[PDB]
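The data block below is final_8.pdb; it holds PDB, C-alpha atoms and all ligand atoms.
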```pdb
ATOM      1  CA  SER A   1       0.000   0.000   0.000
ATOM      2  CA  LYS A   2       1.090   3.638  -0.338
ATOM      3  CA  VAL A   3       2.072   5.080   3.051
ATOM      4  CA  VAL A   4       3.381   8.569   3.801
ATOM      5  CA  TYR A   5       5.155   9.573   6.987
ATOM      6  CA  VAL A   6       5.336  13.075   8.430
ATOM      7  CA  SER A   7       7.830  13.927  11.129
ATOM      8  CA  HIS A   8       6.634  16.093  13.980
ATOM      9  CA  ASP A   9       9.206  18.647  12.761
ATOM     10  CA  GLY A  10       7.423  19.010   9.394
ATOM     11  CA  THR A  11       9.200  16.445   7.182
ATOM     12  CA  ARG A  12       7.276  13.987   5.004
ATOM     13  CA  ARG A  13       8.199  10.591   3.493
ATOM     14  CA  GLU A  14       6.247   8.181   1.259
ATOM     15  CA  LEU A  15       6.971   4.440   1.107
ATOM     16  CA  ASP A  16       5.283   1.291  -0.152
ATOM     17  CA  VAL A  17       3.778  -0.606   2.791
ATOM     18  CA  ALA A  18       2.378  -3.871   1.439
ATOM     19  CA  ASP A  19       0.507  -6.578   3.346
ATOM     20  CA  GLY A  20       2.474  -7.551   6.459
ATOM     21  CA  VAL A  21       4.267  -4.215   7.012
ATOM     22  CA  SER A  22       3.612  -1.446   9.526
ATOM     23  CA  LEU A  23       3.831   2.332   8.941
ATOM     24  CA  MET A  24       7.097   2.076  10.850
ATOM     25  CA  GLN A  25       8.687  -0.968   9.223
ATOM     26  CA  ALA A  26       8.686   0.537   5.683
ATOM     27  CA  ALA A  27       9.767   3.934   7.006
ATOM     28  CA  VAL A  28      12.059   2.076   9.446
ATOM     29  CA  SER A  29      14.022   0.461   6.611
ATOM     30  CA  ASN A  30      14.034   3.884   4.987
ATOM     31  CA  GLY A  31      15.540   5.101   8.288
ATOM     32  CA  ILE A  32      12.365   7.162   8.769
ATOM     33  CA  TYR A  33      12.452   5.755  12.322
ATOM     34  CA  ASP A  34      16.057   6.168  13.460
ATOM     35  CA  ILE A  35      14.643   6.340  17.021
ATOM     36  CA  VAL A  36      15.718   4.140  19.967
ATOM     37  CA  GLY A  37      15.469   0.342  20.373
ATOM     38  CA  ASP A  38      12.094  -0.483  21.981
ATOM     39  CA  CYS A  39       9.493  -1.703  19.470
ATOM     40  CA  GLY A  40      12.167  -2.959  17.045
ATOM     41  CA  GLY A  41       9.206  -3.401  14.671
ATOM     42  CA  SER A  42       7.004  -5.077  17.310
ATOM     43  CA  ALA A  43       5.086  -2.160  18.862
ATOM     44  CA  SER A  44       7.117  -1.890  22.049
ATOM     45  CA  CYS A  45       8.118   1.780  21.653
ATOM     46  CA  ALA A  46       7.516   4.956  23.645
ATOM     47  CA  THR A  47       8.936   7.329  20.987
ATOM     48  CA  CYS A  48       7.240   6.219  17.718
ATOM     49  CA  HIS A  49       4.006   7.798  19.023
ATOM     50  CA  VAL A  50       2.467   9.049  15.763
ATOM     51  CA  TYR A  51      -0.850  10.226  14.391
ATOM     52  CA  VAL A  52      -2.347   8.456  11.347
ATOM     53  CA  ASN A  53      -4.684  10.614   9.136
ATOM     54  CA  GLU A  54      -8.263   9.867  10.277
ATOM     55  CA  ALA A  55      -8.778   8.168   6.869
ATOM     56  CA  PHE A  56      -6.342   5.256   7.419
ATOM     57  CA  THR A  57      -6.922   5.240  11.200
ATOM     58  CA  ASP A  58     -10.491   3.896  10.777
ATOM     59  CA  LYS A  59      -9.532   1.157   8.302
ATOM     60  CA  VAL A  60      -6.384  -0.026  10.091
ATOM     61  CA  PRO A  61      -6.775  -2.764  12.686
ATOM     62  CA  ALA A  62      -7.806  -2.039  16.248
ATOM     63  CA  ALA A  63      -4.748  -1.218  18.385
ATOM     64  CA  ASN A  64      -4.739  -2.879  21.839
ATOM     65  CA  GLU A  65      -3.884  -1.496  25.295
ATOM     66  CA  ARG A  66      -0.240  -2.111  24.304
ATOM     67  CA  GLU A  67      -0.652   0.740  21.820
ATOM     68  CA  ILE A  68      -2.192   3.023  24.475
ATOM     69  CA  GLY A  69       0.480   3.538  27.195
ATOM     70  CA  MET A  70       3.449   2.689  24.959
ATOM     71  CA  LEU A  71       2.064   5.218  22.551
ATOM     72  CA  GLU A  72       1.054   7.555  25.403
ATOM     73  CA  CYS A  73       4.594   7.372  26.812
ATOM     74  CA  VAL A  74       5.021  10.976  25.657
ATOM     75  CA  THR A  75       2.108  13.073  26.995
ATOM     76  CA  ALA A  76       0.620  13.835  23.561
ATOM     77  CA  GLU A  77      -3.085  13.870  24.544
ATOM     78  CA  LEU A  78      -3.450  10.500  22.770
ATOM     79  CA  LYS A  79      -6.001  11.026  19.981
ATOM     80  CA  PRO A  80      -8.511   8.454  18.755
ATOM     81  CA  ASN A  81      -6.177   7.337  15.959
ATOM     82  CA  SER A  82      -2.814   7.979  17.693
ATOM     83  CA  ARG A  83      -0.503   4.950  17.636
ATOM     84  CA  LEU A  84       3.240   4.043  17.855
ATOM     85  CA  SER A  85       4.874   3.844  14.426
ATOM     86  CA  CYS A  86       5.029   0.027  15.064
ATOM     87  CA  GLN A  87       1.446  -1.105  15.860
ATOM     88  CA  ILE A  88      -0.723  -0.724  12.729
ATOM     89  CA  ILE A  89      -0.268  -3.093   9.815
ATOM     90  CA  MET A  90      -0.933  -2.182   6.187
ATOM     91  CA  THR A  91      -3.295  -4.211   4.000
ATOM     92  CA  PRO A  92      -3.425  -4.249   0.198
ATOM     93  CA  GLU A  93      -6.583  -2.086   0.405
ATOM     94  CA  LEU A  94      -5.753   0.606   3.007
ATOM     95  CA  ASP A  95      -3.282   2.363   0.699
ATOM     96  CA  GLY A  96      -2.611   6.120   0.662
ATOM     97  CA  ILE A  97      -2.135   6.390   4.426
ATOM     98  CA  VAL A  98      -0.658   9.630   5.738
ATOM     99  CA  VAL A  99       1.208   9.510   9.065
ATOM    100  CA  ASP A 100       2.343  12.267  11.284
ATOM    101  CA  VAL A 101       4.309  12.587  14.512
ATOM    102  CA  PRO A 102       2.543  14.660  17.174
ATOM    103  CA  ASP A 103       3.996  18.102  17.925
ATOM    104  CA  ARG A 104       1.448  18.279  20.713
ATOM    105  CA  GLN A 105       4.280  19.683  22.881
ATOM    106  CA  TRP A 106       3.832  22.990  21.013
TER     107      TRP A 106
HETATM  108 GA    GA A 201       8.295   1.891  17.256
END
```

Reformat the file's structure so that it appears as structure tokens.
Ligand SMILES: [Ga+3]
Amino acid sequence: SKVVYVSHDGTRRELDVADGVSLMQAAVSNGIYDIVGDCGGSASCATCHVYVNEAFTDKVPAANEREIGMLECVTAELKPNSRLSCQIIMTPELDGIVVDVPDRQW
């Protein structure tokens, strides 16, 4: 699928996230996520907290409590679609997803 990542600083990236990848994984390989070593592509991170555009946040799978605190590690007023770069998976239909890292600290 077509996925696009936006850094909370205002940078954007667009990768190809097929079936079995996560918004992070693709970007990850692309270095988009040169963060720390928590999720390692398994949704165990406190820094990949990101906001998916409401359009791909409703199609994506339902994130579990593991995507709530991990993702809420940084007080970013967790939205309804917020999620750590490594928790949503991309299907061959949900393509065109736009991600964004929360600058909620501003
Ligand atoms: Ga992560």

- Go through the shown structure with the PyMOL selection byres (((not hetatm)) within 7 of (chain A and resi 201)) and write out the matching residues as an MDAnalysis selection string. chainID A and resid 24 38:41 43:45 47:48 84:86

- Message: What does the structure give for the distance between CA of residue 19 (chain A) and CA of residue 59 (chain A), in Å to one decimal?
- Response: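 We find that CA of residue 19 (chain A) and CA of residue 59 (chain A) lie 13.6 Å from each other.
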
- From the list A:5, A:81, A:51, A:87, which residue is nearest residue 66 (chain A) when using all atoms listed in the file?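 Closest candidate: A:87.
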
- Please evaluate the PyMOL selection byres (((chain A and resi 57) around 10) and not hetatm) against the structure above and give the resulting residues as a list in words.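 On this input, the PyMOL selection byres (((chain A and resi 57) around 10) and not hetatm) captures residues 51, 52, 53, 54, 55, 56, 58, 59, 60, 61, 62, 63, 80, 81, 82, 83, 88, 94, 97, 98 and 99 of chain A.
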
- Message: Please report the interatomic distance between CA of residue 17 (chain A) and CA of residue 77 (chain A) in Å with one decimal.
- Response: 27.0 Å

- Once you count only C-alpha atoms, which residues end up no further than 10 Å from (4.2, 12.2, 24.7) in the file's frame, shown as a PyMOL selection string? chain A and resi 46-50+69-78+102-105
